[PDB]
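A note on names: the letters A, B, ... follow the listed sequences, proteins ahead of strands, and every chain is numbered from 1. Note: hydrogens, waters and symmetry copies are ignored here, and every other heavy atom, side chains too, is used.
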Amino acid sequence: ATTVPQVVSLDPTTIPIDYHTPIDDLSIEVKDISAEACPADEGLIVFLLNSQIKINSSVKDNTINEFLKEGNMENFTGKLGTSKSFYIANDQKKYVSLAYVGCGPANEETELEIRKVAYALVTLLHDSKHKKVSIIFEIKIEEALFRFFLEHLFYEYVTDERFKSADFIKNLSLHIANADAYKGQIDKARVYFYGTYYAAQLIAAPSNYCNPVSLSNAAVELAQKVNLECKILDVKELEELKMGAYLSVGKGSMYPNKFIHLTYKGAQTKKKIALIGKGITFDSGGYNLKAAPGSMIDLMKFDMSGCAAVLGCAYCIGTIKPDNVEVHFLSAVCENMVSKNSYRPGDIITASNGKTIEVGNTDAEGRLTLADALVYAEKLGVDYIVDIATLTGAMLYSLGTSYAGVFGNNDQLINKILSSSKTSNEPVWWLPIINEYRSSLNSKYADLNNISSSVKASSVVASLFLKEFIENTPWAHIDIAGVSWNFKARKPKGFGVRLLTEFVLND
Amino acid sequence: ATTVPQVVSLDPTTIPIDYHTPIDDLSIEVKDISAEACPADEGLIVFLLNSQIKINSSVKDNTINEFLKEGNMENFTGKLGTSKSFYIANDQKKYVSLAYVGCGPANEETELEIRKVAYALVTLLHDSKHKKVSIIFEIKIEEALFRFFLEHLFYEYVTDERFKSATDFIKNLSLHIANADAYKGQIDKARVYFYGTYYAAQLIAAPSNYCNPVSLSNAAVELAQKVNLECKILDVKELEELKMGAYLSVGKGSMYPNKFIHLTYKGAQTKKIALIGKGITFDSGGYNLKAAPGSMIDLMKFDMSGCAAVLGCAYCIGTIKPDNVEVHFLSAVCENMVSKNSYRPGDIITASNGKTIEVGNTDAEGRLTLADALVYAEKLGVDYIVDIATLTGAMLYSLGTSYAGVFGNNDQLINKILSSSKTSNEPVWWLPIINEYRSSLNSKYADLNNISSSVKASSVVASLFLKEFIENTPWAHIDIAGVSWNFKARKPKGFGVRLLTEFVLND
Amino acid sequence: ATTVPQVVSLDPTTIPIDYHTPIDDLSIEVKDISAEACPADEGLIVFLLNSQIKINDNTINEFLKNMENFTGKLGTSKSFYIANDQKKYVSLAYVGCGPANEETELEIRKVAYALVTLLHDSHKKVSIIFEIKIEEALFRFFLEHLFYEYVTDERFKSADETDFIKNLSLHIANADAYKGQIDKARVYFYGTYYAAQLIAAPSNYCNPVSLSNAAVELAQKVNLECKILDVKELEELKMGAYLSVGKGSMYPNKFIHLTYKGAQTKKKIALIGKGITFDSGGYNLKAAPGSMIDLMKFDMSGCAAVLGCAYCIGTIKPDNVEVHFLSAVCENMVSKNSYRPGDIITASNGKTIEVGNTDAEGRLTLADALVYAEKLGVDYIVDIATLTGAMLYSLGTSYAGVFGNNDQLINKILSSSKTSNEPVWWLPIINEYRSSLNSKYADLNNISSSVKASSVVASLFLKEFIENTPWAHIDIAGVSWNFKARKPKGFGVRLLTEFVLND
Amino acid sequence: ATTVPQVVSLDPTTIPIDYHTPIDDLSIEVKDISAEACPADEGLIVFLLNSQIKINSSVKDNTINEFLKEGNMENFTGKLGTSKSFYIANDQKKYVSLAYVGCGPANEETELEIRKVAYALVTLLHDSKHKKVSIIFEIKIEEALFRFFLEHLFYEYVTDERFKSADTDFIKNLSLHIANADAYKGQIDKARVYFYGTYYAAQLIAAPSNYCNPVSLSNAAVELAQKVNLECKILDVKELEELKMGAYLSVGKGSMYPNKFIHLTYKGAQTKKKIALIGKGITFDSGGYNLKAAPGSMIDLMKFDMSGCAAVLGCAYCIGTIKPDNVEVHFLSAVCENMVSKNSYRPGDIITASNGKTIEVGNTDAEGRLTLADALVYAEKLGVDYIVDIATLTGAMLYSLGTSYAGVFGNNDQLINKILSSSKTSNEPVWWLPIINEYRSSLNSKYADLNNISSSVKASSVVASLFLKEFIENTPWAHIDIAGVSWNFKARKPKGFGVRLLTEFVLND
Ligand SMILES: [Zn+2]
Ligand SMILES: [Zn+2]
Ligand SMILES: [Zn+2]
Ligand SMILES: [Zn+2]
Ligand SMILES: [Zn+2]
Ligand SMILES: [Zn+2]
Ligand SMILES: [Zn+2]
Ligand SMILES: [Zn+2]
C-alpha cells in the first residue's frame with residue numbers, strides 16, 4: 001500500500017471497509033407458500049398484504065393459525081408502508097412476533113413500493129433481536145423485483161458503525177407461490193447487495209479517510225479479492241499521457257492524483273466495455289468555492305459516487321465472472337481544493353487529445369477529469385463507453401432525487417442502459433443532448449469553455465462538453481447528482497452498482 | 001364588446017391585432033429546379049448550399065449563369081448560418097442580388113439548421129427592398145421541414161410595429177427545388193400555420209396594460225367570429241355557481257374580472273378533444289412577489305402563452321376546417337396581483353371537484369387555474385385533454401430554451417404529442433411523472449398543497465398536482481415555460497400552435 | 001380636489017410648516033474688527049482662528065496675551081469666563097478653522113457645526129470674531145449653515161422663543177463689504193430650511209394633495225402665480241407617462257406650476273423638480289437589502305428644492321427674468337390599479353415607453369414635465385431630481401452630478417455651484433449607451449439592457465424629451481439626504497437661486 | 001528568480017507572444033483622391049460615404065466610373081455600418097469587387113462611428129479573397145481620427161489564435177485615397193506602431209493566469225526591452241525587502257510566484273522632462289481571503305487585473321520604437337498574485353509601506369492600491385516631473401462612467417489637462433473625476449495610520465484615489481482608472497486601453 005500523506009500523526013491512512021456483513025451469516029430459503037407453509041415456531045412472522053385484502057395463507061401452528069382465521073387485523077389497512085406487530089403465544093407457549101406490512105393496491109407494486117415495504121419491515125427488525133424471520137409474500141411480484149426487495153431489505157438492515165466510538169438474524173424464510181421460480185435470485189441478491197454496500201461504504205467515508213491515495217489503495221486490495229488486473233497510474237505517467245485537464249484539477253491538493261484502471265477478462269467459451277466513474281474525493285469548488293446558500297459543501301465527500309459505483313460493479317463482475325466479456329473499470333481520482341498551487345478561473349489547459357479548455361468555473365472540475373478519462377478509454381478500443389458521475393446539481397430541478405439521467409451519442413447503447421435500469425430497478429430516464437446549446441461552450445481563445453455562457457440547462461451543457469472527447473465510440477453518460485445521496489436519511493444509496501452490473505451481464 | 005375597466009382615460013381598451021400581414025400580398029410558387037430553372041430576372045436569388053458543395057443548379061440568364069460556372073464563391077464555405085451577398089448585372093443590364101446561405105453538412109438538417117438558414121436569409125431581406133425573391137434549394141429536405149422553413153422565414157420577416165409611435169415588402173416568392181410537385185401541397189398550410197403562430201405571438205407580445213382578462217376574451221370572441229367557431233365566455237357569477245374556487249382565488253386581487261374562454265369547433269360529420277391553455281395576463285407572483293434576482297417580473301406578460309397557443313390553434317383549425325373531429329378551446333383567464341383583496345399565502349381554497357388546496361405559494365397560481373379548467377374539461381366528456389402552460393421556471397434548468405417538456409397519464413396520448421412534435425418541428429421531450437414525490441404535496445389541513453415541501457423537481461411536482469384534477473380521461477401536459485419566450489431576441493416564439501394543430505389533424 | 005383623502009379620521013390633512021424661525025427674531029450686525037472694535041461687555045464671544053495662529057474692550061484685551069491644549073485644528077473648541085470693566089460674568093470661546101487660506105465649504109460647515117454645538121449646550125448676546133480671511137460668498141454660507149444647524153425641527157415631537165439667541169454681532173476686517181450678505185443669508189437660509197421641512201415631512205403628511213396645497217400657500221406669500229393641474233387636464237394633455245406612475249396611489253396626481261415675472265426694465269427659465277412623495281418602487285418593490293425603503297419620502301427633494309428657490313426669487317424679486325417652477329407630483333405604490341412591469345405607455349410627445357422597471361418612475365414623470373416645459377417657450381430648462389442611487393458610487397454624498405446638452409448652460413450651473421457653495425461636478429452623456437435603451441416593441445425602454453452606468457443612461461432617457469432647448473439635469477440622489485445626521489440638506493435651493501439671479 | 005515554478009510538468013513556462021502580425025506584410029499607400037484617383041483596375045474598392053450623399057469622387061476605369069455616376073444606391077442609405085457590394089466588369093471585362101460603406105451623417109464622425117465603420121469593413125475583407133484593397137475616403141476626417149481608423153481596422157483584422165489547437169492568407173496591398181493626402185502620410189508609420197503596442201498589451205491581458213504569472217510576465221518585459229533596446233531592471237524579493245515594500249510584498253505572500261518589480265527606462269537623445277508611468281500588475285486577483293464569491297464578482301476574468309501593466313509595457317514598445325528626443329521615461333509595475341493560502345495576509349492585518357505609513361487591511365480584495373502605494377513611493381524617489389498610474393482599480397467605474405470612458409484623478413490641474421489632451425488626440429476617451437477631501441476621514445484607522453478601504457463612503461473610486469494620494473508628497477500625479485473600459489464584455493476580449501493615451505502623453509512633452 002502506498003503511504004498516505006499526513007499533516008498530523010492523527011490523520012488516518014486507510015479507509016475502513018467491512019468485507020463481512022451480517023448477511024454473510026444469514027441463511028436464506030425460498031419455500032412454497034402453500035406446500036411449505038410457515039411453521040410460526042419462533043422469531044418473527046411478517047405478512048406482506050395489499051390494501052383491504054385479508055390474509056389467505058396458513059401457518060402450521062394451530063394456535064396462531066386459529067388467530068389468523070378470526071380475520072381481525074384491527075385498523076391495519078394494507079396501506080403502503082403502514083405496520084402493525086405484536087407478540088402472541090405459540091403451541092409450545094413461546095411468544096413469537098406477528099406483523100402485517102402494507103404494500104398498497106394489488107398489482108401496482110414498483111421499486112417505490114418495494115422500498116417502502118422493506119423499510120417498514122426493517123423498522124421492526126431494528127426494534128427487536130430475532131434469530132429467525134419469516135416473510136409471507138401474499139402479493140404478486142416479479143422475480144427481479146423480488147430480488148430487489150431482498151437487496152433493499154439488507155441495505156436498510158445493515159448499519160454503518162465504522163466511525164462510532166462504541167447477534168443479528170441468522171435465518172430468513174421467504175414464503176411465496178411458485179417458489180422455485182425465485183430460488184435463482186437469492187445468491188444474486190447476495191452479490192448485488194454487497195457491491196451496493198461496498199459503494200456506499202466508500203461514499204460515506206469522510207474525505208480525511210477517503211483521499212486519492214487511500215481510495216486507490218482500496219481498489220488495489222479489491223482487485224486482489226475478486227481477482228482482477230489492477231493498474232494505478234501516477235502523476236509522471238499522467239504527464240507523459242498529456243492529461244492536462246485531469247492534472248490541473250489536482251494541482252491544489254496535498255494528495256497526488258491516482259488513475260485507477262482495473263480489468264476483468266472473462267473466459268472465452270468478444271465484447272469490450274469501458275466503465276468510467278467520476279472520482280473527486282472532495283469538491284470544495286476550487287477558487288469558485290462552494291459558499292453560496294445551498295451548495296452543501298459539507299456533503300461533497302460524495303463527488304466520488306461515480307467511482308464507487310464502478311468499483312462496486314467491479315466486485316459484482318469479479319465475483320459472478322461472466323463469460324465472453326472484457327470490462328475496464330476506470331476512474332481519474334483527485335481532490336479539488338483551494339491553495340496557492342490551485343488552478344485558477346480563466347486558466348487554459350490542454351486535454352490529452354490536444355483540445356484546449358478555458359476554465360470558466362473551477363467548480364465544473366468533474367468534467368475536466370472525465371474528459372481525460374474518456375480519451376484514455378477510447379484509446380483502449382472498446383465497443384461501448386459508459387460514464388457515471390455526480391455531475392450537475394441541476395438534476396435536482398429536472399428529474400429530482402429518484403430518477404437518474406442518461407445521455408449518449410448512440411440510441412442502441414442508451415436503450416441497453418434503460419433495459420438494465422428496468423431489470424436492476426434503479427430508475428433512469430433518457431434526456432437529450434441538444435445541439436443548439438453547443439455554441440454556448442465556444443471560447444474566444446481556447447477550443448472550448450467547460451461551462452456555458454448563456455444556457456441554464458447545466459446537465460445538457462455538460463453532456464455536450466463530454467461529447468467533445470469521444471471521436472466515434474458508442475458512449476453514454478449517467479448523471480447521478482440527484483440520486484446518489486439520500487438527503488432525508490443522510491446516507492448514500494450506492495446508486496449505479498446494480499445498473500452497471502446488469503448492463504455488463506446482459507451483454 | 002365588453003367594456004374594459006380603466007384607471008385613467010389613457011388606459012387602452014383593446015388589443016391591437018394585425019389580421020393582415022405582408023404574406024397575404026405575397027405570391028408563392030414552387031418550381032422545378034431544373035425544368036423551371038430560376039431566370040435571375042430581378043430581385044434576389046438565394047442559393048441554399050451545404051458545406052464544401054458547389055452550386056449545381058442553373059439560371060436562365062446567360063450572364064449570371066456564366067458567372068456561376070466559374071465556381072468561385074470566395075470564402076463562403078457553406079457553414080451553417082453564414083452568408084455572402086452582392087449585386088451583379090444580368091442580360092438586361094439590370095443589377096440583380098445573388099446570395100449564398102450555408103445550411104451545414106449535407107443530410108444533417110433539422111429544425112435547428114432550418115431556423116438558422118431562415119434567419120440568415122431574412123437578414124438579407126431586411127437589408128433590402130426587393131419585390132421578387134427566388135430561393136434555390138440545393139439541399140435534401142423533407143416536405144414537413146420544407147413547410148417549416150417557410151413558416152419560420154415569414155416569422156422572422158414580419159416585424160411587430162403595433163407599439164411604435166412611427167407597400168414596402170416582397171410581392172413574389174419563387175421556390176426552386178427538385179421534385180417540386182411533392183411540395184406544392186405545403187404552401188397553403190404554411191400560410192395558415194404561419195398566421196396562427198403570428199397571431200399567438202401578437203397576444204403574448206402585447207403588454208399587460210393592453211392584454212388583460214377582459215380585452216383578451218374580447219379578442220377571442222372576435223377570433224371565433226372570423227373563423228366561424230362557437231364562442232362562450234363565462235363570467236364571475238357562473239364561475240361561482242360552478243364552484244371554481246381555485247381559479248377565482250387567483251383573480252381576487254385584480255381590477256379585471258375573471259373570464260373563462262370556451263371556443264368550440266365541430267367539423268362535418270362525413271373524436272372529441274379539449275385544449276386548455278394557461279392564461280395569466282400578468283403574473284406578479286402575488287404576495288409571494290417576484291422580487292428575487294432573476295425572477296423576470298418585467299416579462300411576466302408571457303404567462304398567457306399557453307392561452308395564445310390554444311387560440312392560435314383555434315385559428316388554424318377554424319380555417320382548415322377538418323372533418324370528423326370536435327375541439328374545445330379552453331382558458332381560465334385571470335391576473336395575479338397584489339392588493340387588499342388578494343388571496344394570501346396559507347389560504348385554503350376549494351376547487352370545483354371538492355378538493356381543498358393549501359396555498360403554500362401564491363406564485364404557483366397557474367396550476368390553480370388549470371385545476372378548475374381540467375375539471376371543466378373532463379365534464380365535457382372528451383377523449384383527450386391536453387394542456388399547455390408556462391408553469392415552472394425549472395424547465396430552464398432541465399430541457400432549456402429549445403425543447404418543451406410533456407407529461408401525461410396515458411402513453412398512447414403522450415406518443416401522439418411526440419409524433420405531432422416531429423411533423424410540426426416544434427421540439428418536445430417526454431418527462432416522467434414520478435409518484436415518489438406525491439407525498440411532498442400533502443397538507444396537514446387541506447387535501448393538497450399547491451407546492452412541494454421537500455422536492456425541488458418543480459416541473460414534476462406541478463404535473464403531480466395537475467393530475468389530481470383528472471379523474472379518468474387520457475391527459476397530457478406541455479410545459480412551455482422555457483421555450484415560449486426567446487430571451488436573446490426579446491420576442492415570443494408562438495410555441496405550441498402548430499404542435500397542437502398537427503395533433504388535432506392527425507387524429 | 002383640495003382636501004386630502006383619508007383612510008381613517010386620524011390621517012393628517014396638511015403639512016405642518018414653520019413659516020417663522022428664531023432667526024426672524026435675531027438682530028444681525030457686521031462690525032469692522034479694526035475700526036469699531038468689538039466691545040467685550042457681557043455674553044458669548046467666539047474666536048474663529050486658524051491652526052498655530054494666536055489671537056490678535058474690557059480687561060481681557062490684556063487677557064489678549066493661555067489657550068494651550070487648543071491647537072486651532074478644524075472643529076476643535078474650548079471655553080473661558082472673564083473679568084470685564086464692570087466685572088464678573090461671561091463665556092469666551094476658541095474654535096479652530098484649520099490651516100489659513102485653505103477654507104472651503106467643507107471647513108466652514110464643520111466650523112459652524114462646532115459653534116452651534118456651543119450654543120446648543122448653552123445666552124442671548126453672541127459675538128463672533130473672524131480672525132480668518134474668507135470671501136463674501138463663503139461668509140454668507142457660514143451664516144446660512146450656522147442657522148441650518150441651529151434651528152431644530154420639532155413639528156413631529158409630542159413635547160411642547162426664550163430659548164434662542166436674540167443679538168448676533170460679526171467682527172471682520174473690511175466689514176463694509178460683507179454687510180450686503182446678511183439679508184441674502186436670511187433669504188437663502190429660509191429657502192433651504194423650507195425645502196428641508198417638506199423633505200423631512202413623512203409621506204402620510206406630505207402627499208400629492210397636501211404638497212400642492214403647500215405650494216398654493218407659498219405662492220400666496222410671495223404673490224407668485226400658481227396653477228395646479230388635475231387629472232382631467234393631465235389626461236387631455238396626454239401625460240401618459242406621468243399618469244401611469246400614479247395609477248396605484250390613493251392620492252390624485254397634482255402638477256405644480258408656479259410662475260414668477262420680474263419688473264421689465266428677456267430671459268425665461270423653467271425649473272423642474274422630481275416630486276415623488278413616496279417611492280415604494282411599485283411592483284419592482286424595494287425589497288433588497290440596501291434599498292432604503294424607509295427613507296423614500298425624500299424622492300420629492302427636487303420639487304422641494306424648486307419650491308425653496310421659488311421662495312427666494314419671489315422674495316428677492318429680481319428684474320428682467322421669468323421663471324416657471326414645475327413639478328409633476330405623485331406617489332408610486334403597489335395596488336390592483338398600479339401600472340405593471342412591461343407596460344407600454346405613451347408620453348405627451350407621442351413617444352411610446354416600455355416600463356422595464358417600475359422603480360425607474362422618476363424619469364417617467366420628468367419626461368412629461370420636460371415636454372410641458374419646452375412648450376412654454378423658454379431659454380433654459382433645468383431639472384433637479386433624486387434619480388439614480390448609482391450617484392452614491394460615483395461622486396458620493398457631497399457632490400451632485402450635472403448632465404446636459406449645452407455647454408454654456410452647464411458652465412452656468414457650475415458657476416452657480418461655486419457662488420452658492422453647493423458642490424456640483426460635471427458628468428458626460430455618453431451617446432454610445434443610447435442603443436441600450438431601445439425597446440423591441442416601444443420606441444424606448446425606461447431602463448437599460450446592458451449598461452450599468454445608470455446615471456448616464458437616465459440622462460440619455462431624459463434627453464429624448466427635449467427637442468431643441470438648452471437643458472441641464474442635476475442628479476441629487478446622493479447629496480439630498482444626510483445619512484449620518486438623519487436629516488435633509490435642502491440641497492439645490494441656493495444653487496438654483498444663484499443661477500436665476502445671475503441669469 | 002527567472003525560473004517559472006511549476007506544480008506539474010505540463011504547466012506553461014512562457015507567455016506566447018506574436019511579434020509579427022499580417023500588418024507587417026501589408027503595403028500601405030496614401031494617394032490623393034483627385035490627383036491620383038483610384039484606377040479601379042483590380043482587387044476590392046470600398047467607398048466610405050455619408051448618409052444621403054452621392055458618390056463625388058471619380059476613378060480612372062471608364063466603365064466603373066460610369067457605373068458610379070449612375071446611382072445604383074437603391075437600398076444603400078449611407079447609414080452607419082450598412083453596406084452594399086457589387087461585382088462589376090471593368091474596361092477589360094474582368095469583374096471587380098466594389099462596395100459602399102455608410103458612415104452616418106456628415107461632419108459627425110467620432111471615435112464611436114469610426115470604430116463601427118472599421119468593423120463593417122473588416123467583414124468585407126474577411127468575406128473577400130482579393131488581396132489588393134483600395135479605400136476611398138469621401139468623408140471629412142482629421143489626421144488623428146484617420147490614424148485611429150487604421151489602428152482599429154488592424155485591431156479587428158488580426159485575431160488571437162495562440163491558444164487554439166487548430167491553425168497565412170491576408171491582404172497584401174492597401175491603398176488609401178483621401179483629399180489632401182500629403183497631410184495624412186505621416187500617420188501611416190504611427191498607426192503601425194500604435195497598433196502593435198495596443199495589440200501587444202491585449203495579448204498580455206488575454207493570456208490566462210497560468211501562462212501569465214509574475215515570473216513569466218517580468219520575463220516578457222525583459223524580452224521586450226531587448227527587442228526595443230531599453231534599460232531593464234527587475235527587482236526580486238530580497239531587494240524589495242531591503243526597500244521595505246511591506247504593502248506590495250504582503251499581497252503576494254499567498255502566491256506560489258515571487259513578487260517581481262519591473263523597471264524599464266528610456267532615455268532620449270539630448271538635443272529634459274522626466275516621466276514615471278506605473279501600471280497595476282496583479283496577474284490574478286482572487287480577492288484573497290476576501291474571496292470573489294459574490295454574484296457578479298467576475299472571478300473568471302480577473303486575469304485582466306494587470307491591464308495597467310500591459311498598457312505601460314505597450315507604451316514602452318511605442319516609445320522604444322519611435323524614440324523621441326529630450327525625454328526620460330520610467331516604466332514601472334509592482335507585479336504579484338493575490339491568492340488564498342496558509343501564507344496569505346489576512347483581513348485586519350497591519351502592514352508597513354516603504355514610506356513608513358502603516359495600513360490596516362480592511363479588505364484583501366483592495367490589494368491593487370497596496371501595490372501601487374509602494375510603486376508610487378519608489379517612483380517619487382526617482383525625482384521625476386510627472387507620475388501617472390493606470391490601474392483596473394474600482395469596479396464602481398462600471399456604475400459611474402461605464403464601459404467607454406475611463407476616469408482620471410490627480411493632484412495637479414496642469415497634468416490632468418495633459419492627460420485629457422492626450423485622450424482627444426489618441427481617441428481613447430477619458431473623463432476627469434474629483435478627489436473629494438471630505439471622504440478622507442473615512443480611511444482613518446483606530447490603530448494604523450490608514451485603512452485601505454472605507455466602511456462609510458460608497459464612492460469607492462474617489463476613496464481609492466484618496467488612499468493613493470497618501471503616497472505622493474510633492475510631485476504632479478495623475479491616476480487613470482480603467483477597470484470599466486479595459487475589457488470589452490460583449491466582444492469578450494481586451495481593448496489594450498491606455499497604450500496610445502500614454503504614448504501621446506509622452507510624445508507631446
Ligand atoms: Zn464541482
Ligand atoms: Zn464535482
Ligand atoms: Zn406564477
Ligand atoms: Zn404564472
Ligand atoms: Zn424609483
Ligand atoms: Zn424615485
Ligand atoms: Zn482586487
Ligand atoms: Zn485588483
Side-chain angles (χ1 to χ4, degrees), chain C residues 73-76 96 98-99 102-114 145 149 289-290 292 295 389-401 422-425 476-487 489 491, chain D residues 247 287 290 347-351 353 355 357-370 372-373 376 391 393-397 399-400 407 409-411 433-472 477 479 481 483:
Chain C
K73 297 324 234 158
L74 179 60
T76 46
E102 316 212 321
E103 299 105 314
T104 69
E105 52 90 25
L106 165 63
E107 289 75 20
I108 298 207
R109 274 191 282 115
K110 296 204 140 50
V111 166
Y113 184 98
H145 202 70
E149 292 289 358
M292 298 182 276
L295 291 172
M391 299 299 313
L392 291 173
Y393 302 85
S394 301
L395 300 170
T397 63
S398 303
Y399 277 47
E422 305 202 278
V424 167
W425 196 265
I476 60 169
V479 298
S480 176
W481 189 265
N482 184 322
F483 299 91
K484 291 175 196 68
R486 302 175 301 152
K487 64 187 180 177
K489 299 188 198 166
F491 191 102
Chain D
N290 281 110
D349 281 0
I350 291 184
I351 69 195
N355 70 346
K357 284 176 177 174
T358 55
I359 305 157
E360 185 171 50
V361 181
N363 185 309
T364 57
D365 200 5
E367 84 302 340
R369 67 201 69 181
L370 292 175
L372 293 168
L376 287 156
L393 222 68
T394 47
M397 293 311 300
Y399 297 84
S400 61
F409 307 73
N411 66 6
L433 295 172
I435 298 191
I436 295 163
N437 288 319
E438 176 152 23
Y439 308 158
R440 169 58 181 80
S441 64
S442 78
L443 285 168
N444 282 320
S445 177
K446 182 77 184 195
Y447 295 99
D449 298 331
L450 282 154
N451 200 296
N452 68 331
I453 52 136
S454 160
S455 99
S456 48
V457 175
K458 296 173 152 84
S460 57
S461 293
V462 179
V463 172
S465 303
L466 279 159
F467 179 88
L468 297 170
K469 179 158 141 285
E470 291 289 327
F471 304 87
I472 293 291
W477 157 75
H479 154 60
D481 196 335

Under 3.5 Å, side chain of [X] to main-chain N/O of [Y], donor-acceptor pair present?
X      : Y      : result
C:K489 : C:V479 : yes
D:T364 : D:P347 : no
D:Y439 : C:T397 : yes

Say you draw a straight line from [atom1] of [X] to [atom2] of [Y]; how long is it, rounded to the nearest 0.5 Å?
X      : Y      : atom1 : atom2 : answer
D:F471 : D:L376 : CZ    : CG    : 8.5 Å
C:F491 : C:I476 : CZ    : CD1   : 7.5 Å
D:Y447 : D:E360 : OH    : CD    : 9.0 Å
C:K110 : C:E103 : NZ    : CD    : 14.5 Å
D:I453 : D:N290 : CD1   : CG    : 7.5 Å
D:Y399 : C:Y393 : OH    : OH    : 8.5 Å

Please give me the minimum heavy-atom distance between [X] and [Y], naming the atom from each residue.
X      : Y      : value
C:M292 : C:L392 : CE-CD1, 4.2 Å
C:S394 : D:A459 : O-CB, 3.8 Å
D:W477 : D:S465 : CH2-O, 3.5 Å
D:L443 : D:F467 : CD1-N, 3.7 Å

Derivation of the side chain to side chain contact (heavy atoms under 4.5 Å, CB included) call for D:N437 and D:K469: CA-CA 11 Å; D:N437 288 319; D:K469 179 158 141 285; 4.1 Å; yes
Contacts of type side-chain hydrogen bond (donor to acceptor under 3.5 Å, both in side chains), residue D:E438, not counting sequence neighbours: C:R109, C:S398
Who pairs with D:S454 by side-chain hydrogen bond (donor to acceptor under 3.5 Å, both in side chains), at least two apart in sequence or on another chain? D:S442
Quick test of your reading of the model: are D:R440 and D:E470 salt-bridged, counting only N-O distances below 4.0 Å? yes
Does the distance from a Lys or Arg side-chain N to an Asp or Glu carboxylate O, for C:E149 and C:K487, drop under 4.0 Å? yes
Knowing that exactly one of D:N452, D:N451, D:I350 qualifies, which makes a side-chain contact (heavy atoms from CB on, under 4.5 Å) with D:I359? D:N452
Would you say CZ of D:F409 has more than 12 non-hydrogen atoms from neighbouring residues, nucleotides or ligands within 6.0 angstrom? yes
Who passes side chain to side chain contact (heavy atoms under 4.5 Å, CB included) against D:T394, sequence neighbours left out? D:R369, D:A396, D:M397, D:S460, D:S461, D:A464, D:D481
Residues D:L393, D:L372; criterion side chain to side chain contact (heavy atoms under 4.5 Å, CB included); working and verdict: CA-CA 10 Å; D:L393 222 68; D:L372 293 168; 3.5 Å; yes
Close side-chain approach of D:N411 and D:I472, heavy atoms under 4.5 Å: yes
